[PDB]
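We begin with a single chain expressed as structure tokens, specifically the form deposited in one PDB entry.
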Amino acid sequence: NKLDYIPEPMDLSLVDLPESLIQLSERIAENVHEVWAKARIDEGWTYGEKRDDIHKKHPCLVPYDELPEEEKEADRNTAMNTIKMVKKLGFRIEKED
């Protein structure tokens, strides 16, 4: 092996987010996916049952609801980790009156 890289993510296990926000994690993940998909469809990518760099085919190029549950969980957790980092970095997150 040539490269010796060990990822060390920040410990966000004890960062608490409003329950109201976590209740919306699907809403956030869905929009993240829409942004992702629009960027790939604008580059000529299309849906295909196997990923393919040469023919620009991706299986995840579907509406968010049609994704496998495993893939939605990923998207929801990515979203929550990105926000937990905001809180870890010293910002308050509060639902507006």
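Note that the rigid core is defined as the largest set of C-alphas that superpose within 1.5 Å between two forms. Residue indices: 1-based, along the sequence shown.
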* To do: Could you check which stretch, 30 to 38 or 53 to 61, carries the larger mean CA temperature factor in the entry?
  => 53 to 61
* Between the two ranges 68 to 76 and 39 to 47, the one averaging a larger CA B factor in the entry -> 39 to 47
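Just so you know, the form deposited in another entry exists too; it's not on screen, but the next bit is about it.
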* So, does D52 move by 2 Å or more at the CA between the shown form and the other one, with the core held fixed? -> yes
